Each structure stands twice: as structure tokens, then as C-alpha cells.
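In what follows, a single structure is set out as C-alpha cells and then discussed.
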Protein chains: 2
Amino acid sequence: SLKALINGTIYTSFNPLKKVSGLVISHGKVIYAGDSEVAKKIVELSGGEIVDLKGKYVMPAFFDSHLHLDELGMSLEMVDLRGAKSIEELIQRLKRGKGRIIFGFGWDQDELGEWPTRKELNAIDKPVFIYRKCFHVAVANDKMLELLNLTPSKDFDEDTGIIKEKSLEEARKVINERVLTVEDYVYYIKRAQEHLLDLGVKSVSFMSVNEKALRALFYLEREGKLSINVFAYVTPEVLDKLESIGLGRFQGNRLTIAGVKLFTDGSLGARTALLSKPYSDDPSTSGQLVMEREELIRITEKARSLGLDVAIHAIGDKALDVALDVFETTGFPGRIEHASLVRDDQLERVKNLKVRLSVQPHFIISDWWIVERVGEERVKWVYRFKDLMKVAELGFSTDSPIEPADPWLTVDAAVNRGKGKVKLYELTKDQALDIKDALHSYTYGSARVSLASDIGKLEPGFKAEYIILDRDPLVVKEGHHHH
Amino acid sequence: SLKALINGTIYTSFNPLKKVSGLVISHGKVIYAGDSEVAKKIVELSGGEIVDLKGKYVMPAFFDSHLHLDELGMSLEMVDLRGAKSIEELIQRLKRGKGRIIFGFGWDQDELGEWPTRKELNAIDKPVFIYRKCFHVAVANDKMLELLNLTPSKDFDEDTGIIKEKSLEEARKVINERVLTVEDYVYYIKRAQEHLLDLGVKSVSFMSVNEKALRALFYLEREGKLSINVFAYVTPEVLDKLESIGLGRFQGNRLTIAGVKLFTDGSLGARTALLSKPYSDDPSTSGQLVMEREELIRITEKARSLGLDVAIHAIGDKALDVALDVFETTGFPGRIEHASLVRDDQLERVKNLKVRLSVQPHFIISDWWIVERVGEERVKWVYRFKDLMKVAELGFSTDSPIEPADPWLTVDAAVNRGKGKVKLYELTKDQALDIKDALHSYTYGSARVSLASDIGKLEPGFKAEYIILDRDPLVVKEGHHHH
């Protein structure tokens, strides 16, 4: 169809700020951006729909440059056990849960009075698997333990049903590869995309797409049931399978086979992020390197032989050195995920290697313990978005479901930096972004970081991914957007 | 870019005949078809290029619904040994050949005076593999035989270098899977597509895409070096590998993973096509079934589980029964390739199952021996294109490089049926098509047969694949098209 959007205020770009009064759209792409009367005239001659905006505002849709579509779907279906004050309350919540397997999250023995147990969870006549708050421990009943068939170890207590550390790593792998079916993944991804679409997020980079998530994505693409643009960054294990048929970058209608996702380190919360000096609240540790340079380089080169992008998780400042070493050696300006701790000296190296950065501003709000982890002397390195925007293309993301998916909450985090919420604000005030730069990062910034060359602006040649607002987005309080 | 094609005669459809004077094209798609002044006005308002046709004619580009892109590339690079009158002449031709391995075709011992031999071909300091006329026998030198490492049998004479029957089948498999590299396939496909593009063929169904051809296609697609639309029909072996990642129908920019290609029988020339009664010139044989129904159904269902199309080769009339049995049982209206012999009773079954047909009219010209194979009593079943067009969507193709790729030669074959060239004309006069129906079959007919829903017409919504002609294509002698 050929359509015009007329008689409204259409933002086509944020950096630089450009507004028009009329758009012409042909087959999902903008072909004219300018005067409202010209737009209407074009569509009158051609034949087609003329949409009266009636003074409403139009902006490019949000692009979340880093999330987990399958995990978001699971999270939306999970039983919420946060704030449960007794085993009784916990069992009552789990009994209301729907589906083949009852997944839950968020319980805390401090709230409950005691740990939940395998025996207590046997009262639910379904496999039950429940994550503790912070997702480093889980408890399972008999039926779920039968499905999991976990390797005996000290990290798996068979009597109490408590699964932690590497046994939890095993349990997650088994759930993701064996227990869940492709049909489950289709269901989870459908749920996630409808949630995102309702929030105005119309494009994503889906990180760590595994074998079954990829099968689900292919299914949804061929059925025309993918409702958002998905840039798939596969696991190394999936990359091996792509290589076996020679499938590299491939852009479909909604699905793009985009890249591979790699890890250098863990997280600051668990103290597994790799630092150049020990943790300030644990001087015995400096974090944990997940993969060595040689293996990271090998996977990067395999991906590059297929024209695929390479995204590397690096939270700690030493992990960033490792990630930058990989990109320097391969001569590929890749993307770095998180970039949570960046030293003053690393800013110029980021600039010189021309790397892309995907950051998650809502982590400022969630990670209240950050200054305890890194100390005051490293505070200036923390989530330094204003500094990073100067040296690299910067995209915004939520890492959903780790943070809420609502883009306005992440915009607020970047603009206001946890003012009145967390210690970090007072210490890092000068890193606050203005609303224009935040919206740019969450639209065109995210698209560029994801190598989506026709997304992020509403200028001619770009995909017509837009959202319609009642008010000027630059002028509304972030937490006050409706419907 | 937004462009207008104005001041010309643009055929947008052949059945029914529709002409306009102006087209507007946006991002490779037609968005307006109509008056020349309206088209120019649209592009003036929008901004963009206005192309003056200066009275020239425009038609949808040809769509060859069945060819072998890799084999066409190889054929164009091969040494032509047709008409070589001595071993001396043959060696002289092969010495002028370029490349790592010297491939040749078309020699005949009747022209040469004698068979060529391994020893004689040792005079060329490269691996040499030379097909006899009709491609059922080949001869190879020492170097090529080293590369091939063929299994000892009666069909492989190691002293003379003569390879035939199942040893030739082995040699071809080894060449295609092991001897040729992906880089060779990239080179062959590039050569083929430039040849086709120069002929006005802008879309193809590429049949029996093997593992390395698929790798090459993926490479060309990601590099943006595919210059024609390619609908890939993979081998069953490749289909297994698609299934391993869940890759089904997938439409990229130029490359579509479209389907799987299956075989019921052989060919009438070799008397391997499967007939319901013995051959008229060999009463001892009725042809040869390549694959049984159960296996054909299994592969069809595997493909259908991935939303992939299924194309079945059926030349003989009994082979057609087998193909129709597969489509009936699976409940899938698939496509049949060739449909060379169709009985009066099979016409209604074709109609009822709603199958698509890809036919090759130039076979009328090449297959001079056809009436000897099938006899006069089966002549009415032969290449009955007018009858078939009444009961099914019909696409035209060349099966290149088996026939010449020039679409005008195939148009002529359908319209004139070998008048003054072969016996078949006088016997099957009434099956001749008019030029409008031939052009329709070679554009929209071929697209529909290949499930290319946005190719084949120059109406709004369709891809702008067109060719520019000096004259009205409906009014020019077929063999008289220039440049």
C-alpha cells in the first residue's frame, strides 16, 4: 500500500533534530519526508490511504540493541514469588501458574522465614523449577528433577532439591536445549514481541540465540508471524551449524541472521566481571575470564568468514582490554556489550578501533551496590555514557528481562542517572544525557550498533518503523507516557 | 531511488493484455502504473530520476522457471569439441582451454575417426575430463583420474580412461562435491547470471542446488553480487542440512531458499523415462523409476514441515502418475518438472490436484527422436502445452545448459513447434501457442510456478524487473531481437 501521514509533527531525526509535517510510505519504507500538502498530493495521484494525524506526534520507533526475546517470553509467563512471606503463600502462587512446567522466580528465604524444599514443592502436581531472587540458586520438585537428570555434585543437593553454581548452569542448559520444545520457544517469542510492540519497541538485537530459538525464529519468519525486526546474534554452538551450510549474514523480511555473541567476563553483582585491580568489597578476587583470547579470536574469524557481526560482552575494565585485543588482532570494528567500566585510557582505544557500543542505562537504577564493588577511585569509569558517546556509536538497550523492557524507564535512567534513587547519581552527575541524545541512542544509535542501515530515522530510504504520540516526546516527563 | 519510466509503451501484463505509458518505481518495486504525465508528476514532487523511454517498449523480464546455474557457468567455460575431426584437432582445442581443470564436451568418435584416450590426453599438462556428445560417456587423463579416485568396475576402463554408466555418475558426484571448490561455484554462478542478465532473464528457479552451490549462493547474496533473483531448489542431501538448523522458506534480497528437487524417472533420450507401455523403438524396456513413492513422500513431508516447495521431475507418463500420487497423498499442490508425456486422463487429475507445471518448449527442437521413442499412438501426449495451460499454471524454462538459455528461442519453440525443423510439428500443430500466451508463461506463469508472488507483472506491488525493447515484442519475429 501507498500511504501518507499528514497534518502532524513528525520527527525524522534526533541528532541532528529534523521535523516534517508529512510522510509518504511505500511497502514499509519512507519515500518522501516533508510538507504535509505535498505528501497528500503524491498519494492522491498514486492512489492510496491518507492518514490524518490530527496534530499528533510521530518519532522513529525504539530499537532495543540487546535483549533476550526467549527469556523475556519466559519471564512474562513465570510465577512471581517476590514478596512471598511464607511457604504457604509460595505454594499458593505456584498452584495458580499455568502450563506444562511451572517456572517461578524471585523468592527469598529472608522473606519466607526458611528455604523452600523439593518435598514442599511436591504438593504441585507438575514439574516445578523456582529461581531465588538474583537467579544464582533454584529449587525443584521430584518431577522437574526427573526431567533434568542432573549430574551428582556438591552443588546439587538431591534431598532438599537445591541447585546452585555449576549445577544451576547445567540445569539451565538442560532446560534450554532439552526440556523446552521449539513450540515453547515460538510461544515465548510471540509473547515477548507483543509485549515489546505494545511498548513501541519495533526492532531488537536478540542476543545468544540458541538452536531451538533459531528454529522458532525461522518458523515465525516463514509464517509471517514475526511482528518486530529481529537481528539474531547466535551462540558459538549455533554458529558452527551455520558454517556447515555456509549461512552467514542473511536479511529476510523481519529476521536477520546478524552475528555471533561472545563473552569475556561475568558481572559486577556476582564479582565475576574482570577488573585490573581487586574488588573494593572483596580484595581476594579480581573476577573471572570466561574465554581466552585465542578462542575468542577463532570464533570471531569463523563469524567474519561468513560476513557475520561479532558482539562481545565486557563488563569489567580488564575484560574490555581483552575484547579490544580481539577486535584489534582481527582488524574488525565489532560491537561491545555493556562496557560498564571504561578507564580514561580505554576511551582513545575505543575511538581508534571504531567499535560499536550497546549500553544498558537502567543498570544505573538496578545495580545499587556498584560503588561498593568498584570503590570511589573507579567511580568515574562507571556507565560513562556521555564520554562514550563522544568516542563511539552508542546504542541503548535493556538486556530484557534483566531490566524492565519499557523504553521510557531506560530513557529516564540515561537522562536523570538515578537522581533520588541511587548513590551513583551524586557521584556521576556530569554523565547525564539530554533527552534528544537519549532518543537518538535508542533509535538510530541502536540501529547503527546492530548494523541495521535502513532503520532508525524516518528519512527517505529508511523503514517506516514509527510510533504515534499524543505529545512532543522531547517535552514530556519520561514516566508519564500513556497507552 | 524513486524513478519514473515515461513516454513509452509499457506492457504490465500479457494475460490479460494491459499497457500503460508510465511507471513509477520505488526501491525495486512498481508503485504506479498508468499515464505518463501522472508518473512524471509524482517523481517531480517526490524528487528523483525521470527516464525518457523515447517511444521504446517495456515488458516484464523473463523468468526461467527451471535451470542449472552452476552447470550453465561450467558449460560457458568448457572447451567445445563438437565437430572436431581428428585427435589432433581435439588436443589443439583442449590446449587453448583456461583454468585449473580443463573440462570439455561434445566430441564424437564418428567425427574423430576413433575414440580419444587417456594416453592422448596426457599431452595436456592439466587434469582433463571430456564428455562425449550426449554426456553419457567421458574420457579423462592421468591427472584427472588421480583427482577422481574412481571405484574399480566394468564401467571404468583404467587403461583407455573411458568412464560410463554408474562410473560416470560417480565421477560427476566427485567433481561436484570434492573436486570443485566453493570459489569455483562462485565463478560459475557469476558467469551464468551475467549471461542470463544479458539475455533479459532476470529471475530463475535454480534446480538441484548442492552443498557447495548453496555456499556460493549465500556468499553472493551477502556480498550483494547476485544480480538476478534466484529461487533455490535444493537436493535432498542439502534439505537434511537445512532441517538441522530449522531453515525453511527464506526470502532474502535476491536469494530465496525455495524448495527441494526430486526425481521419479530419467529421460526419453536414454529410454529411462517411465512409461505405462514399453518404448516403441525398444519393446524390452519401459524406463526406470529413480525413487519409490514412500521415499518421495518422506522427502516431500520433510520439506513441507519447513514450508518449502517440492518440485518433482516426471518425463514419462507413468512417472507422472507416481508424481501425482505423491502430491495427492501429502495433500500438497506441488510442481512438476517437464511433464513431457501426459495422457488425456491425466489432464483432469492435474487440474484436480492444482499442481504447477514447468515445461521446456525448446525440447521440441532438440529431441528429434521423440516420435521413435513413443510411437504415433502416444504422439498426442507429447509436450501438449496448449492442453496443459488449460488445466494448470504453466511456466516456461530452458533447463539450461541442456537447451540454449536464449528466451526468444524458447518462445519460438512454443509458438512455432519446430515447423520446418522436426517431425513433431506436423503431428502436433494444434498445440502451438500464440505469442501473448508464450510471453505470459515465460513471465508471470514462471513466477507463479516458482511461488514468486511479487514477480511477473509490472503492476503496483510487483518487483520492477523489466526489459527495454526497441520494438513491440508481440510483433517482432522471435529470432530477430537485437543487443
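Cβ: placed from backbone, ideal geometry, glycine included. Neighbour counts: every protein chain shown. The values are calculated or read from the model by the stated rules, or taken from the named source; nothing here is a laboratory result.
Would you point out the residue of the stretch A:40-52, among those that are in a strand (DSSP E or B) and either under 25 Å from B:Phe462 (Cα atoms) or among the hydrophobic types (A, V, I, L, M, F, W, C) (or both), that is farthest from the other protein chains (Cβ to nearest Cβ)?
Looking only at the stretch A:40-52, we keep the residues that are in a strand (DSSP E or B), and these are A:49-52.
Next cut, either under 25 Å from B:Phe462 (Cα atoms) or among the hydrophobic types (A, V, I, L, M, F, W, C) (or both) only: A:49-51.
Numbers: A:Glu49: 13, A:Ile50: 15, A:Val51: 17 Å.
Out of the qualifying residues, it is A:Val51.
Return the total of residues in the stretch A:114-123 being surrounded by fewer than 13 Cβ atoms within 10 Å (Cβ to Cβ) and out of contact with any helix residue (DSSP H, G or I) (no Cβ under 8 Å at 6 or more places or on another chain).
Step one: filter the stretch A:114-123 for residues surrounded by fewer than 13 Cβ atoms within 10 Å (Cβ to Cβ), giving A:114, A:119, A:123.
Applying the additional criterion that residues be out of contact with any helix residue (DSSP H, G or I) (no Cβ under 8 Å at 6 or more places or on another chain) yields A:119.
Selection size over the stretch A:114-123: 1.
Which residue out of B:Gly259, B:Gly307 is under 30 Å from A:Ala216 (Cα atoms) and part of a loop (DSSP other than H, G, I, E, B)? Walk me through it before giving the result.
On the way: B:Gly259 fails: part of a loop (DSSP other than H, G, I, E, B).
Criteria check complete, one pass: B:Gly307.
Look at B:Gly106 and say whether it is small (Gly, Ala, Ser) and buried (at least 16 other Cβ atoms within 10 Å of the Cβ). If you could, list the steps in order and put the result at the bottom.
Values: small (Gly, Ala, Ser): yes; buried (at least 16 other Cβ atoms within 10 Å of the Cβ): yes.
Answer is yes for this residue.
Out of the stretch B:151-172, which residues are crowded, with 18+ Cβ neighbours inside 10 Å and more than 28 Å from B:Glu403 (Cβ to Cβ)?
Of everything in the stretch B:151-172, those that are crowded, with 18+ Cβ neighbours inside 10 Å and more than 28 Å from B:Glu403 (Cβ to Cβ) turn out to be B:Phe156, B:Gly161.
Hey, among A:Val322, A:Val350, A:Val290, which residue is among the aliphatic types (A, V, I, L, M), free of Cβ contacts under 8 Å to residues at least 60 places away in the same chain and assigned to a loop (DSSP other than H, G, I, E, B)? Show your work before the answer.
Numbers: A:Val322 fails: assigned to a loop (DSSP other than H, G, I, E, B); A:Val350 fails: assigned to a loop (DSSP other than H, G, I, E, B).
Matching residue, one of A:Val322, A:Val350, A:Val290: A:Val290.
Can you list residue pairs whose Cβ atoms sit under 6 Å apart, with the first residue in the stretch B:408-423 being assigned by CATH to the domain that holds B:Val379 and the second being among the acidic types (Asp, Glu)? Count only pairs 6 or more apart in sequence or on different chains.
Between residues of the stretch B:408-423 that are assigned by CATH to the domain that holds B:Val379 and residues that are among the acidic types (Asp, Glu), the close pairs are B:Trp408/B:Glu478; B:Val411/B:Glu478; B:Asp412/B:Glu478.
Could you please give the count of residues in the stretch B:221-248 that are within 10 Å of chain A (Cβ to nearest Cβ), in contact (Cβ under 8 Å) with a residue 24 or more places away in the chain, under 28 Å from B:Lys463 (Cβ atoms) and surrounded by fewer than 21 Cβ atoms within 10 Å (Cβ to Cβ)?
The number of residues fulfilling the criteria is 1.
Please give the number of the condition B:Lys119 fails out of (1) under 30 Å from B:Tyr466 (Cβ atoms); (2) among the basic types (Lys, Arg); (3) more than 23 Å from the chain's Cα centre (by Cα).
Against the list (1) under 30 Å from B:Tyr466 (Cβ atoms); (2) among the basic types (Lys, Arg); (3) more than 23 Å from the chain's Cα centre (by Cα), B:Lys119 comes up short only on (1).
Please report, ordered by residue number, the helices (runs of 4 or more DSSP H) entirely within the stretch A:401-483 with at least 1 residues that are crowded, with 24+ Cβ neighbours inside 10 Å, among the hydroxyl-bearing types (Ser, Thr, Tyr) and out of contact with any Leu (no Cβ under 8 Å at 6 or more places or on another chain). Give the steps one after another, and end with the answer.
Values: elements: A:407-416, A:424-428, A:435-440, A:446-449.
The qualifying helices (runs of 4 or more DSSP H) are A:407-416, A:446-449.
Results for (1) more than 20 Å from A:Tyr383 (Cβ to Cβ); (2) of a type in the set (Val, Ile, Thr); (3) within 14 Å of another protein chain (Cβ to nearest Cβ), shown as yes or no for each residue.
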| residue | (1), (2), (3) |
| --- | --- |
| A:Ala303 | yes, no, yes |
| A:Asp309 | yes, no, yes |
| A:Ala319 | no, no, no |
| A:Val326 | yes, yes, no |
| A:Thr330 | yes, yes, no |
| A:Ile336 | no, yes, no |
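Which residues, taken from the stretch A:351-369, are buried (at least 24 other Cβ atoms within 10 Å of the Cβ) and over 16 Å from the mean Cα position of the chain (by Cα)?
A:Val355
Residues being within 14 Å of chain A (Cβ to nearest Cβ) and without any contact (Cβ under 8 Å) to a residue 40 or more places away in the chain: count how many of those fall in the stretch B:185-208. Let's see the steps before the verdict.
From the stretch B:185-208, those within 14 Å of chain A (Cβ to nearest Cβ) are B:185-186, B:189; that's our starting set.
Among the residues that remain, those that are also without any contact (Cβ under 8 Å) to a residue 40 or more places away in the chain are: B:186.
Summing the residues that are within 14 Å of chain A (Cβ to nearest Cβ) and without any contact (Cβ under 8 Å) to a residue 40 or more places away in the chain in the stretch B:185-208 gives 1.
When you look at B:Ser276, is it assigned to a loop (DSSP other than H, G, I, E, B), without any contact (Cβ under 8 Å) to a residue 40 or more places away in the chain and more than 14 Å from chain A (Cβ to nearest Cβ), yes or no? Even if it seems obvious, please write down each step before you answer.
Working: assigned to a loop (DSSP other than H, G, I, E, B): yes; without any contact (Cβ under 8 Å) to a residue 40 or more places away in the chain: no; more than 14 Å from chain A (Cβ to nearest Cβ): yes.
Here the answer is no, as B:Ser276 does not meet what is asked.
Among the numbered conditions (1) out of contact with any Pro (no Cβ under 9 Å at 6 or more places or on another chain); (2) touching a residue at least 60 places away in the same chain (Cβ under 8 Å), tell me where B:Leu388 comes up short.
All conditions pass for B:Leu388, except number (2).
Just for the stretch A:4-39: of the residues that are of a type in the set (S, T, N, Q) and out of contact with any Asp or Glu (no Cβ under 9 Å at 6 or more places or on another chain), which one is nearest to the other protein chains (Cβ to nearest Cβ)? Even if it seems obvious, please write down each step before you answer.
Looking only at the stretch A:4-39, we keep the residues that are of a type in the set (S, T, N, Q), and these are A:7, A:9, A:12-13, A:15, A:21, A:26, A:36.
Subsequent filtering for residues that are out of contact with any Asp or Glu (no Cβ under 9 Å at 6 or more places or on another chain) retains A:26, A:36.
Values: A:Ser26: 5, A:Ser36: 13 Å.
Selected residue: A:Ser26.
Could you tell me how many of the residues in the stretch B:53-104 are under 19 Å from the mean Cα position of the chain (by Cα) and in a helix (DSSP H, G or I)? Step through it out loud before you land on a result.
Start the filter on the stretch B:53-104 by keeping residues that are under 19 Å from the mean Cα position of the chain (by Cα), which leaves B:60-78.
Filter once more, so that each one left must be in a helix (DSSP H, G or I): B:69-77.
Residues that pass the stated criteria total 9.
Test each condition in (1) surrounded by 14 or more Cβ atoms within 10 Å (Cβ to Cβ); (2) basic (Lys, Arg); (3) in a helix (DSSP H, G or I) for B:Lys126 and report the one that comes out false.
(3) is the only condition that B:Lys126 fails.
Tally time: how many residues in the stretch B:72-103 are in contact (Cβ under 8 Å) with a residue 60 or more places away in the chain and crowded, with 20+ Cβ neighbours inside 10 Å?
4
Kindly indicate whether A:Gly266 is within 11 Å of chain B (Cβ to nearest Cβ), among the small types (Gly, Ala, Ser), assigned to a loop (DSSP other than H, G, I, E, B) and farther than 18 Å from A:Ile455 by Cα. Outline the logic, then answer.
Values: within 11 Å of chain B (Cβ to nearest Cβ): no; among the small types (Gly, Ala, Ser): yes; assigned to a loop (DSSP other than H, G, I, E, B): yes; farther than 18 Å from A:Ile455 by Cα: yes.
The answer is no for A:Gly266.
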